[PDB]
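Protein chains in written order, with my numbering: chain A, 1 to 117; chain B, 1001 to 1156; chain C, 2001 to 2064. All C-beta atoms in this analysis are idealised placements derived from N, C-alpha and C, irrespective of residue type, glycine included.
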Amino acid sequence: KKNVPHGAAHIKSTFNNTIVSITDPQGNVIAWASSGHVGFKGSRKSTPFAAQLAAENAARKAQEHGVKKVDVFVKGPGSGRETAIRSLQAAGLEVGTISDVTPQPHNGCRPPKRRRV
Amino acid sequence: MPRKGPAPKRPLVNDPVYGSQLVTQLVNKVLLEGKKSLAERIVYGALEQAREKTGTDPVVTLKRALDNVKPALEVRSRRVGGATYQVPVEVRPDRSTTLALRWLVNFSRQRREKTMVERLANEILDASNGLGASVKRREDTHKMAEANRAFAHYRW
Amino acid sequence: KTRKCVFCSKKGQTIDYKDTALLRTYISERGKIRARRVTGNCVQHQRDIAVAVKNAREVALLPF
RNA sequence: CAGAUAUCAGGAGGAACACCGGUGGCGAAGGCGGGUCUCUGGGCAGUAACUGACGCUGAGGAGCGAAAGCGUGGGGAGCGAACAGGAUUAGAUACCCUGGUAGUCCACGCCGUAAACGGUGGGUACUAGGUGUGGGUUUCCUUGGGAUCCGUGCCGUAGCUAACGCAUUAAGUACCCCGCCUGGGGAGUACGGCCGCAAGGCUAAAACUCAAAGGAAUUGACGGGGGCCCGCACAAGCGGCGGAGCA
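Shown next as structure tokens:
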């Protein structure tokens, strides 16, 4: 295989789930673990417990590829931001730095309209 | 009288034979509701039985057992947002002592010796050494209060 | 703040877009813009500074 | 599952400009906000320099004029009517998801209706204040403060309103002019007419119908409204019942 000394916790933290993609500094997701990856789907995909489970599974894969030092790259808001953060902290990946990597269309494109249920 | 502040409690005297508050609280908890002198005799004989089977002062042995059973975090039954989110709360010394002694009595009456004198003595021994039902329940409650730390910051 | 201004009251000072340091004193970390009354300055200076900050973001000298 | 999500980099696309962004301005009103350039709109302020009553209103008439929609040619990344499956449901056509066509954008056009409302026509002379607040200038301390003229809020005098409220930015006090209504539906409907590719709108009654329709305000029941709270109500401990016989 290979070893990644420093990783990046690219957390696609959708309210649906926190896809914790660990990425080498090159910019390649060496592995990822989401709520479904642990086994959480539907509402359980969006439960806070799924967040630390996904983060911990990703960090276990990180150790499996010898990853210890990771800076945290959290995407948009979801379920279990700080939860996945201290999961990664408690799973062999120290926090390093936290960065809210969220897209900012500064009054740009048009989305769908809305939901009323 | 809740909703108005701390509730005043009935004071507890020490045991006449032994002279310890924990002993008397254990007496009142092993006290089958209706008789005390016979319950006092039963807890007595249990404490002497623990004495020869340990060779030490029964009050100190009971203190060691209570320490080996006293909890530190308690879980209430608050309903938050229609979902059962467990919020651990630090236990005051009196509440933790009461919980430990209640567990000790409940698992004492569970044992299958000839008399609850023997059952309570064996429960005291199994809580002092750390091999009884009370000790394993103390372990399990702390394990479950640590497994749900994500809900521990609610501070209620 | 709470003065007449730092320009309309100090009665000597200027604003330049090339003076990116002076403008940066009023911008946020990313470059976000203070409200019309945050810095306590006379309004015309606020509006001109806002337009200058727009131009600076366009010319790539401030954190946008 | 082919490498979807993701991550990085790149390219393409189309649309809009978050933060500034608010009684703050501008504009006759619809409206105006990424930046640059060009042309242009109007207002306010201090000098009367000047014209020397050239004032106002304004029926007809004039254009402008939200969005939609249609004509013509493009765009379409996304959204997205209409239309597609799935989902609650007795039924979904609906709320929810799974997509997307015209439209939505542009160019040139059409139409003219919106709750196109200070629900307060245009203009002008008087009637306590106070306080935010944009532009200006002056006058008074050593920027500080005052005055003034114009924009723009709220409260509050007189006085007015049925009350609600207006209250020097009137609905108070006066003039002059333009527009409108004469109880409620049937009705901005028939018909004629007018303009319309189309669309519609403008102009618009009547038969018939009822003894009402309505506005302000008062007391009540009504929230998945809140607040203050209190109740072995819950949080907690204990005895338990529901399992069995018996009454």
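Can you grab the Cα-Cα spacing for the pair A/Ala-62 / A/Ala-90, in whole Å?
-> Working through the first sequence from its first residue, we reach residue 62 of chain A at position 62. Working through the first sequence from its first residue, we reach residue 90 of chain A at position 90. So the alpha carbons of these two residues sit roughly 13 angstroms apart.
Return the CA-CA distance between B/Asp-1126 and B/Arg-1119, expressed in angstroms with no decimal places.
-> Counting from 1 along the second sequence, the entry for residue 1126 of chain B is found at position 126. Counting from 1 along the second sequence, the entry for residue 1119 of chain B is found at position 119. Distance between the alpha carbons of B/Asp-1126 and B/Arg-1119: 10 angstroms.
Tell me, which residues are paired with A/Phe-73 by DSSP?
-> As a first step, residue 73 of chain A must be located in the first sequence, where it is residue number 73. A/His-10, A/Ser-99.
Buried/exposed call for B/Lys-1070, threshold 16 Cβ in 10 Å | Here residue 1070 of chain B corresponds to residue number 70 of the second sequence, with the count starting at 1. Answer is buried; the Cβ neighbour count reaches 16.
Is it the case that the Cβ atoms of A/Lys-12 and A/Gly-108 are separated by a distance below 9 angstroms?
-> Numbered from 1 along the first sequence, position 12 holds the residue referred to as residue 12 of chain A. Numbered from 1 along the first sequence, position 108 holds the residue referred to as residue 108 of chain A. Not closer than 9 angstroms, so no.
Simplified DSSP state of A/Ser-87, which is helix, strand or coil = Within the first sequence, numbered from 1, the residue matching residue 87 of chain A stands at position 87. Reduced to three states, the DSSP call for A/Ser-87 is helix.
Residue closest to A/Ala-55, alpha-carbon to alpha-carbon, out of A/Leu-93, A/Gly-66, A/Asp-24, A/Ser-43 = Mapped onto the first sequence, residue 55 of chain A falls at position 55. Comparing Cα-Cα distances from A/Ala-55 to each of A/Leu-93, A/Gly-66, A/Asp-24, A/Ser-43, the minimum goes to A/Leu-93.
Just confirm the distance between the C-beta atoms of A/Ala-58 and A/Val-20, as a whole number of angstroms; I'd bet it's less than 8 angstroms.
-> Indexing the first sequence from 1 puts residue 58 of chain A at position 58. Indexing the first sequence from 1 puts residue 20 of chain A at position 20. Between A/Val-20 and A/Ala-58 the Cβ distance is about 4 angstroms, and since that is below 8 angstroms, they are a contact.
Limits of the unbroken alpha helix (DSSP H) element including B/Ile-1042 | Indexing the second sequence from 1 puts residue 1042 of chain B at position 42. From DSSP, the alpha helix (DSSP H) with B/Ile-1042 extends over 1037-1054.
Bounding residues of the beta strand (DSSP E) (the contiguous stretch that carries B/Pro-1088) = Taking the second sequence and counting its residues from 1, one reaches residue 1088 of chain B at position 88. Segment 1088-1090, the beta strand (DSSP E) holding B/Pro-1088.
Grouping DSSP H, G and I as helix and E and B as strand, with all else coil, what is A/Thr-23?
-> What you label residue 23 of chain A is simply residue 23 of the first sequence in a count that begins at 1. Here A/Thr-23 sits in strand by DSSP.
A/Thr-102 versus A/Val-117: straight-line alpha-carbon distance, rounded | Against the first sequence, residue 102 of chain A aligns to sequence position 102. Against the first sequence, residue 117 of chain A aligns to sequence position 117. Those two C-alpha atoms are separated by around 26 angstroms.
Is B/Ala-1050 near B/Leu-1062, with beta carbons less than 9 angstroms apart?
-> By one-based count along the second sequence, residue 1050 of chain B stands at place 50. By one-based count along the second sequence, residue 1062 of chain B stands at place 62. Yes, Cβ-Cβ distance for B/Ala-1050 and B/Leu-1062 is below 9 angstroms.
Below 8 angstroms, can you find three or more Cβ-Cβ pairs linking the region 2038-2057 of chain C to the region 2001-2010 of chain C?
-> yes
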